[PDB]
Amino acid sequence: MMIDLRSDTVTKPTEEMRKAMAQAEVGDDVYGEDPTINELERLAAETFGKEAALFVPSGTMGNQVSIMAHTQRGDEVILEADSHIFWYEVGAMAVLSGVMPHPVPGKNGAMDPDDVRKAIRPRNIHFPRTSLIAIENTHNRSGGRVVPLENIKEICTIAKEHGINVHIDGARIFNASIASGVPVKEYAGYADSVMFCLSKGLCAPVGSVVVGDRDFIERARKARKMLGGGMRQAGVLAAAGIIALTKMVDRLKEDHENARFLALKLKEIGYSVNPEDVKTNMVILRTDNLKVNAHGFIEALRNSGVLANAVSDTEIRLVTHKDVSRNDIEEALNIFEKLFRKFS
C-alpha cells in the first residue's frame, strides 16, 4: 500500500466505529428524532461550552451555514488572506450568502488585531457592512499553525465593540488544543460560533459540527435544510462522531509527535523545512533547493510509494494522522533521503 501523507481526511473508521455505526439507534433527523445525532450535538455543545450544536455533512457546509446565519446580502466577511473559506470553498460565500470576503494578511494564521480593526468598514453608502470576522485555528495553509488564544481574545473584544459576529473555523481546533493545552471551550468563549471536523484527525467517516447559541443554531439549521444537509437517519454517521469526539482526541498527540519527527529528520537530510514551525500534524516542504518543482516532486514521491499534495508550485504539504504509523514515517523518510540525492 501507499504511505498517504496527502491529508488527515483519508482516515478510516476504527473497528469500534464500524460496529457503532452498524448498530446505531436512529430516527428521522428532519423531525429531530434521531437519538444518536441528538446525543452527538448535546455532547458537542457541552464540550465547547455552548448552548446548541448542529451536525453537518462537511466542514464546508459547517462554515457556509454559519456565514449564512451571521450575515445579510451585501455584507463583508473579514477573514485571513490564506484561509480555507476564501480559497477552498468554491466561492460559496458569494453564491450562497451574497457576501464579500475582506482578506487580511496574517502571520501564521494570526491576523493582527489592529489590522482587523482597520478592515472594519465605516458606515458609508459606498461600503458593504462588516458583519462577520472569521478565524481559522491551526491555520491550514501556513502549516497547521496554532493561533494564540490571546489573538482570538483581542479580536473578540474588537468585534464586540462593533457588534460584529465572530466565527471560528475550527476544522482542526482539537489539534490546536492538544498542542497549546488550551481547552476548546476557551477558544469558543471568544466566538459566536465554531465549526469543527470529525472526519479528519478524529477519524470519523463523515461530518463536522457547528456550535453556538440556540437562536443562531436554529438559523443555521434552516440554512442546512436549504443547502440540502437535512438528512434522515443520520444516526449512522453520528455514532462514529460520538466516538471521534470522546475517544480520538488524546491520540492526536501521536500525530503531532510523528509530524515533528518527520520534520526534524527531513531537516537533517537537507530538505527545506522548519521543524521549529511544526506544532501540530503538518509539515511544509519547499522545493527551492531541489532541481524539480512541487508538482514534479509529488510525481516522484508517488512513483516511490508516498502520497502528498502540492499547495503551490514550490511547496508541498505533508500531513500525519492515525493511518500513518511511526514505521510508515520511517519508511517515507528513507525514501525522502534517496530522493534528496536524486534531486539535490
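From 1 onward, residues are counted along the sequence shown.
Mean C-alpha B-factor is higher over 106-114 than over the other stretch, the pair under comparison being 106-114 and 124-132. When the C-alpha B-factors of 154-162 and 254-262 are averaged, 154-162 comes out higher.
The top Cα temperature factor in the record, among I173, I269, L202, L237, falls on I269. Highest CA B-factor among the listed residues (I168, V210, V273, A92): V273. Compared with the other modelled residues of the chain, the Cα B-factor recorded for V147 ranks in the middle third. Split the chain's modelled residues into thirds by C-alpha temperature factor. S325 is in the middle one. Split the chain's modelled residues into thirds by C-alpha temperature factor. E51 is in the middle one. Looking at the C-alpha B-factors along this chain, the one for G27 belongs to the lowest third. Among all modelled residues in this chain, the alpha-carbon of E33 has a temperature factor (C-alpha) in the middle third.
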